[PDB]
C-alpha cells in the first residue's frame, strides 16, 4: 500500500488530522481540541468522527478502544508514510534556494529545542 496513492486526494481537514496524529496518538476529543487550536474556531465533533472513520477505512488511521466509551486513534504505517510524503512534497517546493533552506533549518532547530 502506497501512502501517496491514498493521501493526495484527502481534504485539508483530513490532512490536518493526520498531522495532529503524527505528533502522538490521541483519543477523539483530544484531536478535536488540537484541531480547534489550529483553526482558532470550534470544530464540530459531527465533522471529526466521520472523517476519522474515513481515514480508518483508507488505511491511514487505526481505531482502538481505551475504555468502552473512549477510542484511541493513531497513525498506521501507511498513515505515517502519508505524513512524510506530504512533507517531502511541501519541502521539495519550498527549498528553492539557500535562504529558504536555512529558514527550514532554524524552524527545525527551534522545534527540537522545545522538546529539550
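Rigid core here is just the name for the largest C-alpha set that superposes within 1.5 Å across the two forms. Residue numbers count along the first chain shown, from 1.
*Asks:* With the rigid core held as the alignment frame, decide whether 62-70 or 77-85 lies farther from the shown form in 7 other deposited structures of this protein, in terms of RMS C-alpha distance.
*Replies:* It is 62-70 whose C-alphas lie farther from the shown form in 7 other deposited structures of this protein.
*Asks:* Would you mind comparing 104-112 and 89-97 for me and telling me which has the higher average C-alpha temperature factor in the entry?
*Replies:* Averaged over C-alpha atoms, the B-factors run higher in 104-112.
*Asks:* Averaging the C-alpha B factors as listed in the entry, name the stretch that ends up higher: 35-43 or 70-78.
*Replies:* It is 35-43.
*Asks:* State the tercile, meaning the lowest, middle or highest third, of residue 83 with respect to the CA B-factors recorded for its chain.
*Replies:* Its C-alpha B-factor, which the entry lists for residue 83, ranks in the lowest third among residues of this chain.
*Asks:* Hey, what third does residue 25 fall into on Cα B-factor, ranked over its chain?
*Replies:* It falls in the top third of the chain.
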